[PDB]
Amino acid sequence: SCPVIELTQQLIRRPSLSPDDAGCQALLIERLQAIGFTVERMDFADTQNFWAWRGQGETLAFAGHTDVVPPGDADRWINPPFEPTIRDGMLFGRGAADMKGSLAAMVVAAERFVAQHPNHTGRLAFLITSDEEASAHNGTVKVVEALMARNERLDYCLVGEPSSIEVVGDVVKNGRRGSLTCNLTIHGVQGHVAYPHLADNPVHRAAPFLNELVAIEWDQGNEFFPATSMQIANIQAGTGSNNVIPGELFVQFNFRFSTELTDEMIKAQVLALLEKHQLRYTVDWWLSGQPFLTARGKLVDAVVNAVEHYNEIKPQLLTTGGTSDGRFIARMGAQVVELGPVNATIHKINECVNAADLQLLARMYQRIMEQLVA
């Protein structure tokens, strides 16, 4: 009997391409209801979510997503992406690593924990979405809005996103950068190269602004974050003709920003720089996430202790990579840490996860439950 592997395989075969749950939450809700959880479904548009809880008081929530990213050309995978296969101790399939293995490990951890501590003094909760990977307008963000609107208690959140580099627990994420995109259009006057005095080239007018923008140091980072990083992802002007002076320049730049900056600080600094260079512009901002950091506390201690119990060495506490639905849950004032399997193969062809690592992760999750909720 391998309940963690068996449940992971059941999840992988369900092709839950965001935002379609494809029956994953029906499986998890059955398991949680069987050990005494109250489940509230919170479905918005085409996204399925649930908030499940057992007990009262000091609250530890496990967070995760049932959705997976598309497999790409399925016929190029060694085994079909939705046909989980074990070979040489690796479980292959879309979502094996991101993050159906983690979902299975946290459900089985809860079953083993509730068996050991049927009258645990704390509250154990799950916050599960069918859209973390795509637009995510209708997933965890909407559950958190609902929970904050009813003054829900949530002290600690373990996000099961695959945090690990080479072995489970080598790395845990104790924070994530914000992401803010500036979609900037510099307006000029379109014309012809034969008569430049009748045109105003926005590429020429923008050049001093772009030179200053790429030289700015936005912050110096802190103990847990590197310096805020600004990158020009896209730039475009012209019709493809060598005799047209373009009328518009489009520049898109992204900020992956530390807790040293807010989106409003970055926006004000950018608008000030546009004003200093006297540009005519239209701007559209995208805020895809706010930074969060859990520097210390009972949750960090519990995660470090659970990992150390098996690995001896403490996990590195990092803020690397993208973000997670932790960014939403952090709005509740919760401590938020991410612990999950090796992330090397996420979003790639032949995604897989070490089966022994999933079993170990389930034991680490159970130890976190025991420390915080028993």
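Residue numbers here begin at 1 and follow the sequence given.
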Which has the higher mean CA temperature factor in the PDB entry, 35-43 or 331-339? 35-43
194-202 set against 165-173, stretch whose average Cα temperature factor tops the other in the entry: 194-202
Highest-ranked of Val244, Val304, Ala97, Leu210 once sorted by CA temperature factor in the record: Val244
Which of these, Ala295, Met230, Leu299, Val251, has its C-alpha atom at the highest B-factor, as the entry lists it? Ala295
B-factor third for the C-alpha atom of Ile86 within its chain: highest
Based on the deposited C-alpha B factors for this chain, I'd like to know if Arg54 is in the lowest, middle or highest third. highest
Split the chain's modelled residues into thirds by Cα B-factor; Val68 lands in the lowest
Here the Cα B-factor of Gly289, set against its chain, lands in the third termed middle
Which third, lowest, middle or highest, does the C-alpha temperature factor of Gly122 belong to within its own chain? highest
